[PDB]
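Enquirer: Below you will find the structure I want to go over with you.
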Amino acid sequence: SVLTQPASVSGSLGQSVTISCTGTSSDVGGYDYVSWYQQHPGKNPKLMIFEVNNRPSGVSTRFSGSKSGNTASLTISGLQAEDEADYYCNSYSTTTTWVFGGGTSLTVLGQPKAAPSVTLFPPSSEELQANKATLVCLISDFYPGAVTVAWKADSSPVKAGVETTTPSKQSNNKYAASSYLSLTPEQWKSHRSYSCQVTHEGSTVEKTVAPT
Amino acid sequence: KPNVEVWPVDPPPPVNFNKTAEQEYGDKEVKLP
Amino acid sequence: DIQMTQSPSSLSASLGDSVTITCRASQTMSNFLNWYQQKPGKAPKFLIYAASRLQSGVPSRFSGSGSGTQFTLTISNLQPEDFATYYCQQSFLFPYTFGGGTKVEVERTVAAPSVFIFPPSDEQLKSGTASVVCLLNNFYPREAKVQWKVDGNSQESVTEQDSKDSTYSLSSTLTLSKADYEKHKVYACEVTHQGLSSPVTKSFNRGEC
Amino acid sequence: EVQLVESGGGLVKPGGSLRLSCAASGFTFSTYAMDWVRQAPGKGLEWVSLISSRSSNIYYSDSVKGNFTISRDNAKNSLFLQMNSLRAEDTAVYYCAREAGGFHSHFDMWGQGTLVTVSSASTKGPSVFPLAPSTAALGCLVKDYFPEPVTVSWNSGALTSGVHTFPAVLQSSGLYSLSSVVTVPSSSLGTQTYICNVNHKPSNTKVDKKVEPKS
Amino acid sequence: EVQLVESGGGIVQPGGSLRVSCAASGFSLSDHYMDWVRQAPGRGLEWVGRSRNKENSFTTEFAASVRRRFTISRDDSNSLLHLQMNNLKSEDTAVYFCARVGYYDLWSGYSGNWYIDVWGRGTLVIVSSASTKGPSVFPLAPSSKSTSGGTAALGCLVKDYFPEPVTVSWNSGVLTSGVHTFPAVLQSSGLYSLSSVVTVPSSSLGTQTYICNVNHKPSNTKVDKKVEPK
Amino acid sequence: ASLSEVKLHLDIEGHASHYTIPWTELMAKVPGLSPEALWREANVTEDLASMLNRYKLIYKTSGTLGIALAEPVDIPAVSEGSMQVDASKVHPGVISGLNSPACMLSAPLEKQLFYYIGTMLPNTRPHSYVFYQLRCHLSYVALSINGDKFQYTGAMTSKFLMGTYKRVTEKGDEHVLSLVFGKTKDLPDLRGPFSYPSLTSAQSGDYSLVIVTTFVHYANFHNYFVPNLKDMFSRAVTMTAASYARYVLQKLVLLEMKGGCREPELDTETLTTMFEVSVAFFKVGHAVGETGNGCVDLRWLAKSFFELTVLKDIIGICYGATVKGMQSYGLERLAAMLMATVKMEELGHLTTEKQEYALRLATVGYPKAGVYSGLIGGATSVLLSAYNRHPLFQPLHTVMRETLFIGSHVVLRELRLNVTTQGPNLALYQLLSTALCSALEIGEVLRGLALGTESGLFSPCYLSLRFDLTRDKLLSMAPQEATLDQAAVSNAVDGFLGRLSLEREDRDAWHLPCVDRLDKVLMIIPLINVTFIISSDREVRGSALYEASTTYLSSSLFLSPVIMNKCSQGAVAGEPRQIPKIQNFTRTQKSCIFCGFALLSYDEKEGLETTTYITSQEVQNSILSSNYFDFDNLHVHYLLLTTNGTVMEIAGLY
Amino acid sequence: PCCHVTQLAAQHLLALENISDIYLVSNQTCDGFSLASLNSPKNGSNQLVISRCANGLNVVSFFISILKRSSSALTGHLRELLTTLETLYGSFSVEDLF
Ligand SMILES: *[C@@H]1O[C@H](CO)[C@@H](O)[C@H](O)[C@H]1NC(C)=O
Ligand SMILES: *[C@@H]1O[C@H](CO)[C@@H](O)[C@H](O)[C@H]1NC(C)=O
Ligand SMILES: *[C@@H]1O[C@H](CO)[C@@H](O)[C@H](O)[C@H]1NC(C)=O
Ligand SMILES: *[C@@H]1O[C@H](CO)[C@@H](O)[C@H](O)[C@H]1NC(C)=O
């Protein structure tokens, strides 16, 4: 059993989002003991609002709540630093003794300058055995983290092997990705050029490697 | 002479088959002395 | 919770005497009073439960009665094996307690004490302390009041009944620092005893020889 | 220090056993009660066993099988979560939560988390290939390993400054592959050396390669 | 015959922890209450605690002055009974006795119809913060003013000794008539100091030589102090 | 701002669980309680000093005597074929007769046994500190003896019972001690820091007995009240309802026997009996209550409620107690209706079990004496039908004694009436009991007045008309050499006269038996149309006067009739007529021409010996054809009393 | 020591109508004391903190005697409540107070 939270809610720099949460009458509408926890992607969550409009030590005056009937609505007030983490909900349920919400994702809409940084490496100089030399193309520091990567590599892309990570944001509040062109044979025994092309909202950002 | 037998008695009086159940006891309250 | 008050504190009786030991209860505890005897150096011995009933083996000399507030214990034809201390105990309510204890001892005629002082040896004055001991020897009864002429800081101890002559002995010890001894010069022993119509004193001062 | 980090366990066969030991330090262990909270890799956040103070009242969730045996003892400050059979391949990131105590029903402290993958595929040892520096950019690749976690420690002690580690890729073969990059001053690369000291705990295999510049 | 041999006593610093033990043989330890009674040196008895009966499922109860500190543990298959002592104060210095409790009019219930018939040999618990120290013997001089009708009664003063027991003699035990060895008295300094006296004629002052033998095993100290008049 | 809802925050260490309880919702679902009455009853804001001062005040036992008692199967299984009768809906068509199985439902019966409702647990000094105020449907038994200076009030619900001893002594201190009995799972609610294990005295697997009083009240009560709680709790659990009631009924008669009900010495057994009277009423109502809407067998109800009726009727004479409740009108009317389905005069013809079962309904159906006097005809028929089938002069049987005792109450209750309409049947009953009191009868009873359980309870000598039962003559019929437990011999003889309190009054109404010689009557023998008064003197205003050869030492033996119960205007003038001797009688007879007569044999040294009422032919056959007549012993005469007022002496047979 | 049971000041009143959110405490928390604090519904900020400390052993026995007298309408939420109050009432130091 979980509390029904909105899937994904978005807001801009201001007083844009006060995310909600609801549950059973014996879970939230029965006790003033709901709580909120913020979790950044791939890190330990920490208490963000304990009870209802009762904040812990070390929390700005923007995080608040709502004392509705059976719906607890976390209130991040009228100023927005870029905190694009997942917000969760929980309360002391008489039936389940602890019940957690679904989990949402607030996305801030500001500072649009991203300009991803690309770095492309030759196949590993140490490794020389057959069927073992793969390319590595790295992309970091972009936003909103919706990029399309491709490998032209000649007059026309052969696209034999293409495997790309989903953009996973981390420290500095900008996303990062990785795409490994996993194909040594069938092309790279002898050829002219090879390129890792990156497209972010429309851009010719590319890297070219085929040395020696 | 006839053997000794019990003297005849009167038939039983017809008791109330139809009372109130409130008058056979009285008030439902009571106080311990 | 209930307090026991025994009487008397001390008791003296020779062989064949008839003694009675009173045990006063705090509040009303009907017949829930037991008696025990304890000889000096041994464990207590069960004597009486329910304030009138005796444990199997206790001789017929022992007998006690009383109920409620007042309880007693009476001995007839006092035997030498009875010379010990007796206690009464209440078993009615929690927390349970015992009595102050009544000490029965052999009696005799009065005996005048032998009182004399012991100035502290110069072996102690070189250490930093001083000890003046007043001594009483072979006196009866145990009740005797010795008192250094303060006009506290003193201690004493008494010996048990000497089985040879039924007498006692007392040694009151006074300890004063060396700096004080030099010119205090009072140092007396006021010995008051019922066997002394005139209290004998042993006055002294810090004077050599 | 109020560090509350679990020792944890690696991957396990469906029909297997594991004893997650949540080691906690700093605070008073006997005053609070302990918890376990697990997170599915996608978005889930489910609740697990509830061991109380001095082991007086033990609670469990409904989704947890009820045959997940938790226990603890405050003499040696730790928290064992003994799982048995776990043949359900429903894994999660088992965090170690801390109950606020008093009258508050909230979590005041949390743990680092433990990744326990459950699949029918054996482990695969990683093969680290060194990348080339060829103004300032380095690299180090980890290829053909299964499963996570594989955290890249950079030069044991190269402080995290430019040390950036990209997430693993979902390879069609099932194995994972990650790569790490460090930005060292290109003014002088040969004055001092660098290595990527990465270890694979679920496979127990350490391999170290160095970075050597262009010719 | 019923024996209640007990042990476990010893010297404990204030605030420490000590465990006593009382063994039973001659009855069923489960079907009888077991209480504890201590007695301070020179003072009277004091009821300490109680372990209930088998019918009562072995629950404990203590007096108001020792309740929150002590603990009673009962071992039955093997006859044993312990009274663990925690946070000992200076007032717990007493002779703790092991006591067996039995009820007479049992058909009337458990109200007050009990007694204490068998007493243990008694264990000693001394709560002090001192340590082993050799006694400093001081001779009490037979002053020339000690006529006393023809008796001098010289003595020796054992001063400032902590190790509990000491024995004394005069002339290696030759002189025993008139010997009055007084009991020890715990001074304010925490160290006992007793005194021994033996009566001797006054006309023998100068002819006979009297020496006290302060034999002491605890601190392995033996002194032979000669007494001379002032 | 009414009583709506409160939250209960529990600090389970580390967890901090929460609970909620709404007053508005459940105060109407299960009414009968008000939280604000209990809130301003528990001293929520009591300081720690006042709570401990209250804790040290109530006496607390030093333990709990644990004894595992098993309980019996009191209420039997429902006889397949019985008719379930509603206690509140009873009409004459529900039952067919005595030989028809039946059982009354338990739910309407409980509402009739506990119709009265009141505050059980008071707010007195010892009670207001332990329990909470409880008010349930109760049935209490209350009495007071020493001018209201000693009170007892045992109140009970359908699951637990509480008795309360209250004695006020001289200056005004009222020492109050109470006992509670019932299942440990249904004991009343405890208030404050009090727990039950520190207060219960005896605790079984499911039942417990609690004692609630102060240390000062318990101490003063411990002097004269040292009860045997061991056997008390054992019999209050292991015994059934009827067996426990008859057990208390026996010990109550023993108190009435020697002193007791006239001067109650505040003994240990005296107060022990008062509590067990309330337990006897409790176990009956408790066994019925422990049935889950089933039905209680009617034969078991008649067997248990007969004991309560006699128990209530014996305390109304002994202590004048008051019993409210435990009297279901449905049972009183179902048993009263069952009297028209049988014939009173022909009641003795039924089976022995049906005889005892019909007499239990005779007392339960008409508890109030006077509603139907014709019930004497049934009890007289049982005694008459038992005399013809009983070996002459032999002591009675446990079964027969129980059969006649179980119907003797309808005779005793009618004897307490000032005027009675069933005169002849009362004289017929007293005549048979007089003919039943043989020398062997008062020999087994005197033997049974030390060992036997049933013997001392009932005997037809108590209802007899013999008046020669002095302490000297009763000592001449001991069971043995009189050395076998010698003390019990003199105590039993002195007690037999103690059980002659039949018509010892507190209203002056024993004018139910015309002579001027009261304390010298030897026997009264009422036949048809003549009643003979045997006496030891001449002054009896009768229609004749006979004198038999008396002894050798002056104690004359007279007997004189009164024709048609109409005494003459003056005493006789001349010498009283001598009884004539007759020898012309055929020992082998063909008809009961002796029926209705009275055959009496008397000795010349120990006075009278026997009395034999000739009832039928089977009785006369066992008189003549037996060795009853012994003429070789010349000093054993046989005086025959006729219905014509004539008196003869049989001297020979052919 | 967590709080203190005070003598009733003459001008202080208590009515079961305005009281809500009662706090019971375990023994280990307050040296073995049974301390209960009586509060009201949170009416915001009107200067008022009506925290009313009371004798826990009397409060616990009151809620035990008010759930047993209404056991017919005792739901699962209250069945657990009655059992937890019983175990908490018996795990206290009734006698152990000096
Ligand atoms: C409640 O408190 C008052 C305060 O003095 C006290 O007198 C009263 O006796 C207490 N209630 C009970 C039942 O003891
Ligand atoms: C009894 O009474 C009636 C007169 O009332 C009479 O006719 C009857 O025969 C009498 N019987 C005897 C035996 O006297
Ligand atoms: C309770 O609340 C009402 C207002 O709704 C107020 O009039 C009354 O005085 C209050 N009583 C207490 C004791 O707080
Ligand atoms: C405290 O509670 C524990 C159990 O939680 C119990 O064993 C103990 O008796 C209680 N009292 C004290 C003084 O620890």
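So for chain G, numbering is Swiss-Prot's, and the shown residues are 27-124, in order.
Including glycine, each Cβ sits where the backbone N, Cα and C put it.
Straight out of Swiss-Prot:
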- G:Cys28-G:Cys56: disulfide bond (DISULFID)
- G:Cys29-G:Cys79: disulfide bond (DISULFID)
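Walk me through where these features lie, including what they touch and how far apart they are.
Expert: In three-state terms derived from DSSP, G:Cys28 (disulfide bond) belongs to neither a helical nor a strand segment and is classed as coil. Summarising the environment of G:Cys28 (disulfide bond), the number of other Cβ atoms within 10 Å of its Cβ, over all protein chains shown, is 13.
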Enquirer: Which secondary structure state does DSSP assign to G:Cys56 (disulfide bond), in the simple three-class scheme?
Expert: coil
Enquirer: Rounded to an integer, what is the Cα-Cα distance in Å between G:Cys28 (disulfide bond) and G:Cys79 (disulfide bond)?
Expert: 10
Enquirer: If you draw a 10 Å sphere around the Cβ of G:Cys29 (disulfide bond), how many other Cβ atoms fall inside it, taking every protein chain shown into account?
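Expert: Excluding its own Cβ, G:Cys29 (disulfide bond) sees 17 Cβ atoms within 10 Å.
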Enquirer: Please give me the CB contact count at 10 A for G:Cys79 (disulfide bond), counting all chains in the structure.
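Expert: I count 16 other Cβ atoms within 10 Å of it.
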Enquirer: In which DSSP state, out of helix, strand and coil, do we find G:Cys79 (disulfide bond)?
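Expert: DSSP call for G:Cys79 (disulfide bond): strand.
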Enquirer: Give the distance between the Cα atoms of G:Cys56 (disulfide bond) and G:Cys29 (disulfide bond), rounded to the nearest whole Å.
Expert: 8
